[PDB]
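Residue numbers (full-length UniProt numbering), protein chains in the order written: chain A, 6 to 298; chain B, 6 to 298. The beta-carbon is built from N, C-alpha and C at its ideal position, and this holds for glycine as well. For reference, the structure discussed in these notes is given below.
Number of protein chains: 2
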Amino acid sequence: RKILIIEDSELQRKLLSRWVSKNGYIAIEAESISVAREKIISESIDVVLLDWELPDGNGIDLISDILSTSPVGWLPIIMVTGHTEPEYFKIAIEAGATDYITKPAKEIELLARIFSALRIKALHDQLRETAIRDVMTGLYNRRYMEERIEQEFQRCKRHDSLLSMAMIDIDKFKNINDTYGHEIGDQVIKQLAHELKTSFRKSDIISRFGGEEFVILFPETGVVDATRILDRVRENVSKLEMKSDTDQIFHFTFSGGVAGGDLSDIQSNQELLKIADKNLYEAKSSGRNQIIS
Amino acid sequence: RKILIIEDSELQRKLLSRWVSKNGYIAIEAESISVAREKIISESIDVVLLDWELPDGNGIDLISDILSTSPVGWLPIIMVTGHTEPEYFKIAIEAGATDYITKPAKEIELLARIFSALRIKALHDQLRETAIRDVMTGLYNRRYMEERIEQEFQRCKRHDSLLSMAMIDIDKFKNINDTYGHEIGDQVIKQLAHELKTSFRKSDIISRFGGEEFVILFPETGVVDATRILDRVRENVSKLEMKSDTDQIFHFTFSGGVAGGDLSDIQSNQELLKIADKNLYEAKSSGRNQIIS
Ligand SMILES: Nc1nc2c(ncn2[C@@H]2O[C@@H]3COP(=O)(O)O[C@H]4[C@@H](O)[C@H](n5cnc6c(=O)[nH]c(N)nc65)O[C@@H]4COP(=O)(O)O[C@H]3[C@H]2O)c(=O)[nH]1
Ligand SMILES: Nc1nc2c(ncn2[C@@H]2O[C@@H]3COP(=O)(O)O[C@H]4[C@@H](O)[C@H](n5cnc6c(=O)[nH]c(N)nc65)O[C@@H]4COP(=O)(O)O[C@H]3[C@H]2O)c(=O)[nH]1
Ligand SMILES: Nc1nc2c(ncn2[C@@H]2O[C@@H]3COP(=O)(O)O[C@H]4[C@@H](O)[C@H](n5cnc6c(=O)[nH]c(N)nc65)O[C@@H]4COP(=O)(O)O[C@H]3[C@H]2O)c(=O)[nH]1
Ligand SMILES: Nc1nc2c(ncn2[C@@H]2O[C@@H]3COP(=O)(O)O[C@H]4[C@@H](O)[C@H](n5cnc6c(=O)[nH]c(N)nc65)O[C@@H]4COP(=O)(O)O[C@H]3[C@H]2O)c(=O)[nH]1
Ligand SMILES: [Mg+2]
Ligand SMILES: [Mg+2]
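Pasting the structure below:
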């Protein structure tokens, strides 16, 4: 629906700007990269037109500077460039552009690339607004568990059952990743998920919930038993010997809030979440490797 | 990893064929469109290069002739054309091409489009290799529901709960489809799913299970109650006025087996299925529009 144009030159920028808004689209102008970021966060930006040559960085650090800025952490970025060279295309795609236009842009080759992007965007939008299984961990994703909670809660609240929910978080993940590699970052998330899978009952509802976030539902289980068993894992994880990108041993831990059990005084399913969260906050806020309830 | 090239001319085709397999890829040659289809079905084809000008059709019927042929019903198709004209791009994208390449093809602008496609393919592949709801109906899919049943069963068997499972089937679907169109076929499946969604509890686990198959789980529900409510729907569906091909009113019905309730005598979760099926058999075998248990 909504396109953001980055171009240092006012005339080149306002030409694109018209081609866009002529075809029922919403033009959004950016002087250079400062302004562009204040829009990406500020508004619901579908597609990005990026002059390779901006008043700060040359294209190929400039690309991933918009990727990082995005809410979902990916926008479709069309290169509007005067670069021509074969290997400038293959650099731009390599660096995570969605498309490449060689200036001068023709109106009806552009509109076709904007369509081609809006297509490949709705794909990213599904994968992140629906119940998929996360390939990496083998656990379901988060909008799964959002749905699954409200089911499992409504069931347990109608049929006077115990329902206890955990909310887990890997301790200083940003750091593990930044220090050992996006590779080892991933390698840990896996090894944690593996412990979670092995530790409980097929009846229990494990799920990845965010970057390093996880969520467990323990139907028919009370807050203390939930804590007891979750804590027992937290320990075994603590004691787990991982290898660094040097083949150095290192350990990692998670913080946990658990919440629910009874449910008489919990009305919303969204309240049962608020609690698990407040409790994960304290868990971290108090030196991390520990469960709170 | 595996690219299929359609070009009438042997020399143009085997030039592309080398550019491809030079970059660690798998070239697959097609004389014209007959041969190409015998490959799409025959093998795991990632990406398609399509000469616009082939010995039978002009590009724009030729495109959707490959779309239909695909197992998943969509491949990324890159247009190799000598057409230049603005509105030939805008036709090709409109008609469901993934990209447009202007002959003569340059090695290193091609390889960039093939990469751009393999990316937008792996996105389609995620959404369909992990992704638990059926698109069409918005219900849980089958691979999920097989897993979900064994969970919900193991839960109910551990915690002495009632668990009743339905298995539904639209009556003489083949006929509805053959008479009114693959269009109206689809349109009914939807309308049934919608009734199923509206009729029960958030707690209940509805799922599309095959062409015209559906499955419901009624946790905490006994075989009779399951039957009563499932039968109440079967009725309202019966009374539903659908519109044909022609805007003719027509009605449709479903057959149902329900099974479980107690679970003391049922060991496998796969047995709880066998029963629902045997009962759907009788339901149909005895003049269809009816539940059996
Ligand atoms: N969601 C969930 N809750 C868990 C899990 N492990 C323990 N709990 C909770 O903790 C309680 C006590 O566990 P326990 O003392 O070993 O008490 C258990 C234990 O001795 C045994 N038990 C139950 N299920 C199993 C099982 O699958 N394997 C084994 N080896 N023993 C089991 O029977 C006792 C019955 O206690 P319960 O009524 O199950 O009550 C359980 C349950 O409320 C788990 O993996 N998932
Ligand atoms: N300490 C403790 N551990 C628990 C408890 N619940 C589950 N676990 C652990 O989690 C594993 C998975 O149990 P499950 O998936 O419910 O599936 C279980 C369950 O369906 C059945 N089973 C085993 N022991 C019991 C039991 O005491 N009661 C019941 N009702 N089923 C059991 O056998 C399966 C595998 O048994 P395990 O090899 O023992 O494997 C169990 C056990 O190692 C619990 O309450 N306490
Ligand atoms: N999974 C599932 N099971 C179902 C459903 N409808 C009925 N049952 C089962 O069959 C019984 C029939 O409920 P009812 O005769 O409609 O009589 C119901 C009805 O008058 C009322 N009631 C129950 N659930 C609801 C509800 O969700 N909404 C409203 N408005 N009333 C409800 O309270 C009575 C108590 O019924 P129960 O003790 O629950 O016992 C229910 C339960 O055993 C359903 O849609 N899904
Ligand atoms: N006769 C009958 N109809 C059923 C039954 N189960 C589901 N339905 C129908 O489908 C809806 C199911 O609501 P829910 O998801 O169970 O979730 C329930 C629950 O959260 C609450 N609710 C409504 N009635 C009851 C009830 O009797 N007991 C409890 N515990 N909650 C109820 O409101 C929701 C549905 O409110 P409704 O407007 O009535 O909407 C109900 C109702 O018209 C059933 O057993 N019997
Ligand atoms: Mg400029
Ligand atoms: Mg030719």
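Practice item. Could you say which of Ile297/B, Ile181/B, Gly266/B and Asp250/B lies nearest to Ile173/B if we only look at CA atoms? Key: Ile297/B
**Study point:** Contact residues within the region 64 to 95 of chain A, judged by C-beta distance below 9 Å to chain B
**Key:** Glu90, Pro91, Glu92, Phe94 and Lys95
Check your understanding: Going along the chain, which residues of the region 167 to 198 of chain B sit with their C-beta nearer than 7 Å to a C-beta in chain A?
Key -> When C-beta distances to chain A are compared with 7 Å, every residue of the region 167 to 198 of chain B stays at or above that value.
Exercise for review: Pick helix, strand or coil for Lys289/A, following the three-state DSSP scheme.
Suggested key: helix
Exercise for review: Could you tell me how far apart the beta carbons of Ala136/B and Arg138/A are, in whole angstroms, since I believe they sit closer than 8 Å?
Suggested key: Cβ atoms of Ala136/B and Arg138/A come within 8 Å of each other, at about 7 Å.
**Study point:** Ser169/B versus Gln196/A: straight-line alpha-carbon distance, rounded
**Key:** 37 Å
Exercise for review: Using 7 Å as the cut-off, classify the Cβ of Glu12/B as near or not near the heavy atoms of ligand 8, replying yes or no.
Suggested key: Questions concerning ligand 8 fall outside what the structure shown contains, since the ligands it does hold are ligand 1, ligand 2, ligand 3, ligand 4, ligand 5 and ligand 6.
Check your understanding: Short check: CB of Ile82/A to CB of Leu55/A, under 8 Å?
Key -> yes
Review point. Which word fits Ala127/A, buried or exposed, when buried means at least 16 other C-beta atoms lie within 10 angstroms of its C-beta?
Key: exposed
Check your understanding: What do you reckon, are the CB atoms on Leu235/A and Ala171/A nearer than 8 Å?
Key -> yes
Check your understanding: What are the complete beta strand (DSSP E) segments, minimum 3 residues, inside the region 32 to 93 of chain A?
Key -> 52 to 56 and 82 to 86
Review point. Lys111/B and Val85/B: beta carbons closer than 8 Å?
Key: For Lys111/B and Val85/B, no; Cβs fall outside 8 Å.
Review point. Would you call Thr89/B buried or exposed, if buried means 16 or more other Cβ atoms sit within 10 Å of its Cβ?
Key: exposed
Exercise for review: May I ask you to check if the CB of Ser208/A is nearer than 7 Å to at least one heavy atom of ligand 2?
Suggested key: yes
Practice item. Identify each residue in the region 213 to 246 of chain A for which the Cβ-Cβ distance to at least one residue of chain B is less than 8 Å, and report them in chain order. Key: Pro224 and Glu225
Review point. Taking 7 Å as the line, does the beta carbon of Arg163/B fall inside it for any heavy atom of ligand 2?
Key: yes
Exercise for review: Determine which residues share a DSSP beta bridge with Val220/A and list them.
Suggested key: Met172/A and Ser212/A
Review point. Going along chain B in order, which residues have a C-beta closer than 8 Å to the C-beta of residue 342/A?
Key: Outside the shown range of chain A (6 to 298) lies residue 342/A, about which nothing can therefore be said.
**Study point:** Cβ separation of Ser37/A and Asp70/A, assumed to be a contact under 8 Å, to the nearest whole Å
**Key:** So it is not a contact: roughly 11 Å between Cβ atoms.
Exercise for review: Run down chain A in chain order and give the residues with a C-beta less than 8 Å from the C-beta of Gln253/B.
Suggested key: Under the 8 Å cutoff, chain A gives no residues; its nearest Cβ is about 35 Å from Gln253/B.
**Study point:** Limits of the alpha helix (DSSP H) - the one that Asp130/B falls within
**Key:** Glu112 to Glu134
Check your understanding: Where does the unbroken beta strand (DSSP E) through residue 310/B begin, and where does it stop?
Key -> Absent from the structure is residue 310/B, since the part of chain B shown begins at 6 and ends at 298.
Exercise for review: Evaluate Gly64/A with the Cβ neighbour count: other Cβ atoms within 10 Å of its Cβ, from every protein chain shown; 16 or more gives buried, anything less gives exposed.
Suggested key: buried
Practice item. Take every Cβ of the region 156 to 164 of chain A, pair it with every Cβ of the region 197 to 216 of chain B, and state whether three or more of those distances are shorter than 8 Å. Key: yes
Point to revise | Rounded separation between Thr251/B and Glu92/B - CA only | key: 35 Å
Exercise for review: Could you spell out the range, first to last residue, of the beta strand (DSSP E) harbouring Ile11/A?
Suggested key: DSSP places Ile11/A inside the beta strand (DSSP E), whose first and last residues are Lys7 to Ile11.
Practice item. Take every Cβ of the region 253 to 264 of chain A, pair it with every Cβ of the region 173 to 193 of chain A, and state whether three or more of those distances are shorter than 8 Å. Key: yes
Exercise for review: Mind listing the chain A neighbours of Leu116/B? Cutoff is C-beta to C-beta under 8 Å, in chain order.
Suggested key: By Cβ distance, chain A contributes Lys95.
Review point. Just to check, is the beta-carbon of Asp267/A closer than 7 Å to a non-hydrogen atom of ligand 1?
Key: no
Practice item. Rounded to whole angstroms, what's the CA-CA distance from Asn294/A to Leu222/A? Just pull it up for me. Key: Computed Cα separation, rounded: 20 Å.
Check your understanding: Hey, out of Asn274/A, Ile175/A, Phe205/A and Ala35/A, whose CA is closest to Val242/A's CA?
Key -> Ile175/A
Review point. Cβ-heavy atom distance between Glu36/B and ligand 6 below 7 Å?
Key: no
Check your understanding: Is the closest heavy atom of ligand 2 to the C-beta of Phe205/A under 7 Å?
Key -> yes
Check your understanding: Alpha carbon to alpha carbon, what distance is there between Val193/A and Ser290/B?
Key -> C-alpha separation (whole angstroms): 55 Å.
Check your understanding: Nearest to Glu188/A by CA position, among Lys248/A, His164/A and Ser47/A, is which residue?
Key -> Among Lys248/A, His164/A and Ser47/A, the Cα nearest to that of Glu188/A belongs to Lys248/A.
Check your understanding: Would the beta-carbon of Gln159/A be found less than 7 Å away from any heavy atom of ligand 4?
Key -> yes
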